[PDB]
Structures are given as structure tokens and as C-alpha cells.
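Let's start with one chain on its own, the form solved without the DNA, as C-alpha cells.
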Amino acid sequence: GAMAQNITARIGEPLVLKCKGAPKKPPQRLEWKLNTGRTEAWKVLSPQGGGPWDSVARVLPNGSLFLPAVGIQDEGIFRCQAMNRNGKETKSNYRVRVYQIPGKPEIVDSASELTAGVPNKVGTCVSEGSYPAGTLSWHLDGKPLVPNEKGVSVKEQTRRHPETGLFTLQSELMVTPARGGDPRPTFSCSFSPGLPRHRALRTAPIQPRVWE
């Protein structure tokens, strides 16, 4: 695609996109073009508006495009093209990615006793309401726990809310505790949005007893 400004918009929240180089108020020679999950390729929106699109994306008096409540299907590309009073042409190019923050992750079905030297189901971490899916991961004593090594295995599951499209993630941790290890280890789970600069959410720890 072309060079664009990256926009991350939260689902359910309004979004205002500026049309650079447009006069402050009508009359304005400007045109918005968008290609999203709602469109068949490009769709043109004008200052006068009209039709079903007014509910979704509307041109404001200053020429900005306004979406009162962003949804998943609004992901895509938004372009404005405008001329000023001087006849100079100015283009605005936005890449819009949408997201939603899940609620705090939780550990369910956690074991209270582990036996060293054999595999143990430690617990199940669940995260509800994310977009995009993101990922779950486990930590032991404040350090990342890598699957498939050191007797550690993880199984993962992703489900989608039938109406909202938001993801629910589930992760089951199994460990084989080494002999002569910590009798009271501390495990925790965290959610990573994956989306740049978004912060992780962390579960409350679980502290099972380990039998030698």
C-alpha cells in the first residue's frame, strides 16, 4: 500500500480522522475514500452524506470523518483528498486497526499439589474479550516459562463470541518439577495484546506445594 499514518482505534469508541489541507468550514472540495470490511473495494463519502452510511461514517463541518462507534469491520484504509482556497491539493492516508482489551486474565482449575519427577497439570488460564486474539503465556518465579523444554508443555485454545467476534483464549500448563527444586513455586499467567506498545495483563499467582 501507500505510506500511511497508523491509527489504532478501540472498538465501541468514536473515531475522528482529520482531512488535512481542507478549509475550516464549507464549502469544501474534499472527498473521503475508504476500503474496509464494510466495503467492496473503495467507497466514496462526500460532505453531504446521505443513506445508510450516515450511521457509520459521516463527514463533519471541518471536513473530518467521524465514526461514532468503531467496530471490527471498520479495519482498513481511509483516504481524504482536498483542495484549499488556493487550489493546492492535499492527501491524507490512514491505516486503521481496531482492538479491544480483554478483562483481567484468570487462572481456573489450579492444582494445589504437584509431584516432582512426573507431569502435573498446573492450571488453566482464561482471557475473555480481546481483539485481535493476542496470546497467553506462563511464568515461574517471575521468569518466562518456555513450552516444550524442561518438562514444560502447553495446550492452547481460541474461541469467538458468536455475536461480537471477540476472542476468548484458554491455556493449560503442565510441568514436570525437577527433584530437589523449590517446594513452593510461584506460577502466573499473562495476556499479551501483541499489538505494539499495548501493555500486558497479569493473573494473580498460584503457589502449589511440591512433593519430593
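Heads up, when I say rigid core I mean the largest set of C-alphas that superpose within 1.5 Å between the two forms. Throughout, we count residues from 1 along the sequence that is shown.
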Ranked by mean Cα B-factor in the entry, 174-182 and 46-54, top stretch is 174-182
Entry B factor averaged over C-alpha atoms, 142-150 against 31-39: higher for 142-150
From 91, 88, 104, 97, the top C-alpha temperature factor is at 88
Among 19, 16, 9, 204, highest Cα B-factor in the entry goes to 204
Residue 162: C-alpha B-factor third of its chain, per the entry, is the lowest
Assert third(CA B-factor, residue 75) within chain per record equals lowest
Sorting the chain's modelled residues by C-alpha B-factor and splitting them into thirds places residue 132 in the lowest
On the chain's distribution of Cα B-factors, residue 26 falls within the third called highest
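Quick note: we don't show the form solved in complex with the DNA, though the next part is all about it.
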Site check 21, 24 and 104: each within 4.5 Å of the DNA in the deposited bound form by heavy atom: yes
In contact with the DNA in the deposited bound form (heavy atoms, 4.5 Å), from 123-131, 96-104, 110-118, 137-145, is stretch 96-104
Those residues of 195-212 with a non-hydrogen atom no more than 4.5 Å from the DNA in the deposited bound form are 197, 198, 199
### Query
Relative to the superposed rigid core, does the CA atom of residue 112 travel 2 Å or more between this form and the one not shown?
no
Would the C-alpha of residue 198 be classed as shifted by 2 Å or more between this form and the one not shown after rigid-core alignment? yes
Residue 142: Cα shift of 2 Å or greater between this form and the one not shown (core-aligned): no
